[PDB]
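All remarks here apply to the structure that follows.
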Amino acid sequence: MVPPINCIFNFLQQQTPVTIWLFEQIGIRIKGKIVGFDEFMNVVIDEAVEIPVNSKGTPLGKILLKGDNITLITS
Amino acid sequence: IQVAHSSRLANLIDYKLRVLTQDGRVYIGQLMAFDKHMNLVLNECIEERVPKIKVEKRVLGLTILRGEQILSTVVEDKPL
Amino acid sequence: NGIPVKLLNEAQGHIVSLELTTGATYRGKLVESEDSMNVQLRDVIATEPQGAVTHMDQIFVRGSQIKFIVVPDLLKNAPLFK
Amino acid sequence: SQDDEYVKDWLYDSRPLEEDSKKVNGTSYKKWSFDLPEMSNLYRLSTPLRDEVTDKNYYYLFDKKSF
Amino acid sequence: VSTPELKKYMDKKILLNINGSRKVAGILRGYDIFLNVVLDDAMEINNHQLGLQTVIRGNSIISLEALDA
Amino acid sequence: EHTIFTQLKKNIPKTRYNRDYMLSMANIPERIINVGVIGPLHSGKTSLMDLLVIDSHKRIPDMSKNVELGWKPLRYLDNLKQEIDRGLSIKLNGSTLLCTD
RNA sequence: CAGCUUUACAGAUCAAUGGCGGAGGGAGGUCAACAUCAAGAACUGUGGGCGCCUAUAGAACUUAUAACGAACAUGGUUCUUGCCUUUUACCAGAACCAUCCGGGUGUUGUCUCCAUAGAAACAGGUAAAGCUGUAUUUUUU
Ligand SMILES: Nc1nc2c(ncn2[C@@H]2O[C@H](COP(=O)(O)OP(=O)(O)OP(=O)(O)O)[C@@H](O)[C@H]2O)c(=O)[nH]1
Ligand SMILES: [Mg+2]
């Protein structure tokens with residue numbers, strides 16, 4: 001068994017290709033690699049990229065995204 | 001419509017209550033149980049939606065209404 | 001403890017209906033319930049908001065999404081109230 | 001007036017409690033309702049005549065049924 | 001504190017209904033008190049997979065349906 | 001009439017909850033526990049059962065004054081003439097009780 | 001400590017209305033009379049569907065090592081025995097039965113000793129009694 005806290009600790013140490021979907025949001029996705037972790041689901045992401053959905057690679061950098069509006073993570 | 005000048009919700013329990021909902025429906029019936037989170041248990045709940053003309057109507061009976069999806073409460077009628 | 005949530009968990013086993021925030025109704029045997037209404041069903045018909053019925057074996061739901069739950073006429077009788 | 005501090009005053013009476021309106025029904029003398037310590041006193045006093053056998057098993061093959 | 005009893009659904013594929021009519025297929029890996037589903041990623045709704053191992057947030061869950069019996 | 005006794009009547013002692021509800025509940029499994037209380041001689045298991053039953057029902061006929069008070073135990077689940085007079089539970093005289101957790 | 005609900009206050013307007021009203025004692029008594037207490041574990045009423053079935057209210061007392069009594073006699077009839085031999089009187093067992101000494105409640109009434117008010121709330125305040133109260137994923141940030 002793996003709780004989300006432990007799977008994100010794998011994503012923390014690895015820093016492998018993450019793709020993030022967003023809460024109350026279908027129009028945009030993110031593509032980066034997990035760098036931080038809070039006690040809440042707040043995670044800072046370096047090498048992040050704004051990726052509009054397959055209904056292109058748009059510009060985005062390193063971001064502290066407020067993690068209460070997360071949907072997906074996959075490193 | 002008539003009702004006593006009541007202090008709080010629990011004092012007027014088992015009264016026929018028009019209860020609004022955030023999705024547009026209104027649930028009308030005699031309330032059995034309330035909660036800290038405003039979850040309600042209507043004895044003779046009746047599902048009444050407002051479609052885009054005239055009222056939609058349906059009978060449910062004993063049902064739990066979750067509190068989060070409530071708009072407000074209104075007294076429709078007396079007990080018995 | 002929540003006296004409506006009390007009723008829900010007491011209603012386990014009966015053929016109960018369930019509509020969510022999405023407006024998609026359900027109907028079948030209940031299995032599990034908790035403080036946060038983490039509902040499970042069996043033999044559940046799953047009517048979509050349009051009216052498209054899809055029969056399925058089981059389902060699990062989160063409490064935040066739940067709107068209202070149709071309980072039978074048996075819980076009217078006993079024994080939670082008095 | 002120390003061990004036998006409560007009953008001593010009334011233990012030797014025609015009707016043990018003529019009045020004592022709390023402890024008995026009245027003067028009809030039908031019912032009674034003592035407090036604890038006086039009951040204790042009575043018990044202690046009754047040591048010679050008291051039943052003095054708590055182990056209900058004791059009457060084994062010596063009950064009325066057995067007889 | 002009340003742990004959602006997903007040990008009946010542990011190591012089984014599940015059709016997770018999530019925000020905006022989106023679906024997630026995938027075998028279950030674990031969970032927490034907030035219902036955050038740790039699962040092996042599969043095809044997302046014709047159909048296409050994003051990621052290998054995923055962690056879905058509880059707030060975004062609409063439902064989760066028993067694909068496997 | 002008879003000596004080795006039960007109720008033998010229309011008016012069974014009324015329950016606090018209603019037996020219709022109990023039977024309804026008994027429609028589904030995962031909601032019918034078969035307890036079968038067990039133990040040594042004079043564990044008190046029959047007395048425990050009696051306590052449960054009394055708790056459940058309103059007024060029993062057999063629950064006399066003394067038993068209500070709690071001098072004698074209302075051994076409600078030793079119905080047999082013998083099981084009384086002998087002072088032992090001897091056969092299975094269980095009960096179906098809609099029990100609140 | 002805050003909210004609500006209840007009571008003793010002071011005066012209130014006293015409408016609003018309630019409710020305690022077409023408001024009316026208590027404690028006892030070696031005091032009565034009446035009912036009644038061994039029965040499918042057992043009682044009674046109420047409705048309804050045809051003496052009964054079916055839902056509804058109720059139920060003091062006495063009990064489950066079974067009994068009103070944590071107690072204990074007597075009399076009769078038979079049957080059996082003993083002492084005997086003729087009966088009473090008896091021995092002590094049985095089965096039946098009765099009598100008696102008492103008991104319980106419940107209801108009436110009397111007898112006694114104490115009594116002895118035909119109106120208080122609302123607006124609050126004072127003080128006291130019964131419950132509740134002290135955002136960062138599923139309720140409300
Ligand atoms: N001191 C004490 N005695 C008890 C307690 N519970 C029961 N007893 C006594 O011990 C006996 C045990 O309870 P019963 O129900 O009579 O016996 P039982 O459980 O039927 O025993 P079985 O016949 O073997 O099932 C009772 O008859 C009581 O006298 C207790 O809590 N404390
Ligand atoms: Mg002669």
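Chain labels run A, B, ... following the order of the structure tokens; each chain numbers its residues from 1, and ligands are numbered from 1 in the order shown.
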Please identify the strand (DSSP E) residues within chain C (assignment by DSSP from backbone atoms) and present them as a count of residues only. 34
Excluding same-chain residues fewer than 5 positions from segment 15-26 of chain F, what lies within 7 Å of it counting only C-alpha atoms (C1' of nucleotides), as a PyMOL selection string? (chain C and resi 74+77-79) or (chain F and resi 31-32+56-58+98)
Residues at most 6 Å from ligand 1, using only C-alpha atoms (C1' of nucleotides) and all ligand atoms? Could they come as a PyMOL selection string? chain F and resi 40-47+88-89
Please identify the helix (DSSP H, G or I) residues within chain C (assignment by DSSP from backbone atoms) and present them as a PyMOL selection string. chain C and resi 3-10+63-65
Could you make a table, as CSV, of the residues of chain B that have an atom within 10 Å of an atom of chain G, each with its nearest atom pair and distance in Å to one decimal, counting only C-alpha atoms (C1' of nucleotides), in chain and number order?
```
residue,atom,partner,partner_atom,distance
B:7,CA,G:4,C1',8.0
B:8,CA,G:4,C1',9.1
B:36,CA,G:139,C1',9.2
B:37,CA,G:139,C1',5.6
B:38,CA,G:139,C1',7.8
B:39,CA,G:139,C1',8.3
B:66,CA,G:139,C1',7.9
B:67,CA,G:139,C1',6.0
B:68,CA,G:139,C1',4.6
B:69,CA,G:139,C1',8.3
B:70,CA,G:139,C1',9.9
```
Export, as an mmCIF file, in the first residue's frame, the selected residues with N, CA and C atoms.
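The result, stored in part15.cif:
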```cif
data_model
loop_
_atom_site.group_PDB
_atom_site.id
_atom_site.type_symbol
_atom_site.label_atom_id
_atom_site.label_comp_id
_atom_site.auth_asym_id
_atom_site.auth_seq_id
_atom_site.Cartn_x
_atom_site.Cartn_y
_atom_site.Cartn_z
ATOM 1 N N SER B 7 -37.745 30.974 17.566
ATOM 2 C CA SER B 7 -36.386 31.437 17.847
ATOM 3 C C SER B 7 -35.372 30.805 16.891
ATOM 4 N N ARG B 8 -35.410 29.474 16.783
ATOM 5 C CA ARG B 8 -34.427 28.700 16.010
ATOM 6 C C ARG B 8 -35.106 27.575 15.204
ATOM 7 N N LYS B 36 -25.673 19.914 12.717
ATOM 8 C CA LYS B 36 -24.659 20.974 12.786
ATOM 9 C C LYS B 36 -24.213 21.461 11.398
ATOM 10 N N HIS B 37 -24.148 20.536 10.436
ATOM 11 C CA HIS B 37 -23.832 20.853 9.036
ATOM 12 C C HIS B 37 -25.082 21.059 8.165
ATOM 13 N N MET B 38 -26.240 21.257 8.804
ATOM 14 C CA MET B 38 -27.543 21.440 8.146
ATOM 15 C C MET B 38 -28.019 20.299 7.228
ATOM 16 N N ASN B 39 -27.537 19.074 7.450
ATOM 17 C CA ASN B 39 -28.140 17.894 6.824
ATOM 18 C C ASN B 39 -29.548 17.731 7.383
ATOM 19 N N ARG B 66 -28.600 16.551 1.941
ATOM 20 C CA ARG B 66 -27.293 17.008 2.422
ATOM 21 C C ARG B 66 -27.310 18.522 2.588
ATOM 22 N N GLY B 67 -26.626 19.001 3.625
ATOM 23 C CA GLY B 67 -26.635 20.411 3.995
ATOM 24 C C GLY B 67 -25.948 21.363 3.032
ATOM 25 N N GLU B 68 -24.786 20.963 2.508
ATOM 26 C CA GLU B 68 -23.998 21.803 1.581
ATOM 27 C C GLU B 68 -24.797 22.289 0.373
ATOM 28 N N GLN B 69 -25.661 21.417 -0.150
ATOM 29 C CA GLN B 69 -26.468 21.712 -1.338
ATOM 30 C C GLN B 69 -27.838 22.348 -1.020
ATOM 31 N N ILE B 70 -28.004 22.873 0.198
ATOM 32 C CA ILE B 70 -29.185 23.651 0.578
ATOM 33 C C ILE B 70 -28.901 25.132 0.342
#
```
Pick from C:16, C:59, C:7, C:31, whichever lies nearest to chain F using only C-alpha atoms: C:31
Contacts of residue 21 of chain E at 12 Å or less, counting only C-alpha atoms (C1' of nucleotides), minus same-chain residues fewer than 5 places along, as a list in words?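 Returned residues: residues 24, 25 and 26 of chain A; 22, 24, 48 and 49 of chain C; 15, 16, 44, 45, 60, 61, 62 and 63 of chain E.
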Using only C-alpha atoms and a distance of at most 7 Å, pull out the residues of chain E that contact chain A, as a list in words.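 The selection requested is residues 19, 20, 29, 30, 31, 32, 36, 38, 51, 52, 53, 54, 55, 56, 57 and 60 of chain E.
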Selection to disk with C-alpha atoms, as a PDB file, in the first residue's frame:
```
ATOM      1  CA  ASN E  19     -14.430  17.059 -12.330  1.00  0.00           C
ATOM      2  CA  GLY E  20     -15.738  18.043 -15.801  1.00  0.00           C
ATOM      3  CA  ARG E  29      -2.103   1.550  -5.250  1.00  0.00           C
ATOM      4  CA  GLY E  30      -3.292   3.305  -2.044  1.00  0.00           C
ATOM      5  CA  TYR E  31      -5.198   6.211  -0.454  1.00  0.00           C
ATOM      6  CA  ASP E  32      -5.625   8.636   2.498  1.00  0.00           C
ATOM      7  CA  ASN E  36      -6.842  11.003  -2.583  1.00  0.00           C
ATOM      8  CA  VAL E  38      -2.963   6.699  -5.507  1.00  0.00           C
ATOM      9  CA  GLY E  51       1.300   9.108 -17.098  1.00  0.00           C
ATOM     10  CA  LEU E  52       2.420   5.802 -15.558  1.00  0.00           C
ATOM     11  CA  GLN E  53       1.596   6.203 -11.833  1.00  0.00           C
ATOM     12  CA  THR E  54      -0.977   8.832 -10.739  1.00  0.00           C
ATOM     13  CA  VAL E  55      -2.313  10.479  -7.566  1.00  0.00           C
ATOM     14  CA  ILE E  56      -5.808  12.003  -7.882  1.00  0.00           C
ATOM     15  CA  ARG E  57      -6.976  14.596  -5.330  1.00  0.00           C
ATOM     16  CA  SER E  60     -11.748  16.543  -7.627  1.00  0.00           C
TER      17      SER E  60
END
```
Show me, as an MDAnalysis selection string, the residues that have an atom within 7 Å of segment 34-46 of chain D when counting only C-alpha atoms (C1' of nucleotides), minus same-chain residues fewer than 4 positions from it. chainID D and resid 4 6:7 23 50
Selected residues, C-alpha atoms, written as a PDB file, in the first residue's frame, please.
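File produced: out_17.pdb:
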```pdb
ATOM      1  CA  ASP D   4     -24.637   1.955  69.489  1.00  0.00           C
ATOM      2  CA  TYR D   6     -28.328   5.807  67.041  1.00  0.00           C
ATOM      3  CA  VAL D   7     -30.551   2.938  68.190  1.00  0.00           C
ATOM      4  CA  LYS D  23     -38.268   6.152  59.594  1.00  0.00           C
ATOM      5  CA  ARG D  50     -28.935 -13.334  63.220  1.00  0.00           C
TER       6      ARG D  50
END
```
Contacts of segment 43-56 of chain A within 8 Å, only C-alpha atoms (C1' of nucleotides), excl. fewer than 5 positions in-chain, as a PyMOL selection string: chain A and resi 26-38+61-67
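Using only C-alpha atoms (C1' of nucleotides) and all ligand atoms for every distance, the candidate list G:44, G:81, G:62, G:86 yields G:86 as the residue closest to ligand 2.
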Which distance in Å separates atom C1' of residue 120 of chain G and atom CA of residue 6 of chain B, to one decimal?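 Distance reported for this atom pair: 24.5 Å.
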Shell around residue 58 of chain C at 8 Å using only C-alpha atoms (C1' of nucleotides), local window under 6 positions removed, as a VMD selection string: (chain C and resid 40 to 44) or (chain E and resid 65 to 66)
Can you spit out the residues from that selection as a compact mmCIF listing (two decimals), in the first residue's frame, using N, CA and C atoms?
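The resulting file, result-v3.txt, is shown below:
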```txt
# COMPACT_ATOMS: atom_id res chain seq x y z
N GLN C 40 -21.14 3.58 -0.62
CA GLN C 40 -20.97 2.46 -1.57
C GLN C 40 -22.32 1.83 -1.85
N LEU C 41 -22.52 1.37 -3.09
CA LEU C 41 -23.74 0.63 -3.45
C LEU C 41 -23.45 -0.68 -4.19
N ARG C 42 -24.47 -1.54 -4.25
CA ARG C 42 -24.49 -2.74 -5.09
C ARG C 42 -25.68 -2.66 -6.04
N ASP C 43 -25.62 -3.44 -7.12
CA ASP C 43 -26.72 -3.56 -8.10
C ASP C 43 -27.27 -2.21 -8.57
N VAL C 44 -26.38 -1.23 -8.70
CA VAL C 44 -26.78 0.16 -8.86
C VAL C 44 -27.07 0.51 -10.33
N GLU E 65 -16.03 3.86 -9.57
CA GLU E 65 -16.92 2.74 -9.89
C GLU E 65 -16.12 1.45 -10.01
N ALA E 66 -16.70 0.35 -9.52
CA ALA E 66 -16.05 -0.96 -9.59
C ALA E 66 -16.05 -1.50 -11.03
```
Which residue is closest to residue 56 of chain C? Choose from C:4, C:81, C:28, C:75 and count only C-alpha atoms.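 Among the listed residues, C:28 lies closest to residue 56 of chain C.
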Report as a list in words the set of chain C residues whose atoms approach chain G to within 12 Å, with distances computed over only C-alpha atoms (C1' of nucleotides). residues 2, 34, 35, 36, 37, 38, 39, 61, 62, 63, 64, 65, 66 and 67 of chain C
Would you mind exporting C-alpha atoms of the selected residues as a tab-separated table (two decimals), in the first residue's frame?
```tsv
chain	number	residue	atom	x	y	z
C	2	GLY	CA	-24.79	13.87	12.82
C	34	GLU	CA	-19.17	7.17	7.21
C	35	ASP	CA	-19.10	10.64	8.88
C	36	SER	CA	-18.22	12.15	5.51
C	37	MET	CA	-20.81	10.31	3.40
C	38	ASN	CA	-18.39	7.93	1.65
C	39	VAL	CA	-21.20	5.90	0.11
C	61	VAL	CA	-19.05	7.97	-4.03
C	62	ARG	CA	-17.53	10.92	-2.14
C	63	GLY	CA	-19.73	12.84	0.34
C	64	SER	CA	-19.00	16.34	-1.00
C	65	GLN	CA	-20.67	15.40	-4.30
C	66	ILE	CA	-23.84	13.93	-2.77
C	67	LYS	CA	-27.03	16.06	-2.97
```
Within 12 Å of residue 105 of chain G using only C-alpha atoms (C1' of nucleotides), minus same-chain residues under 4 positions, as a ChimeraX atom specification: /G:35-37,60-62,68
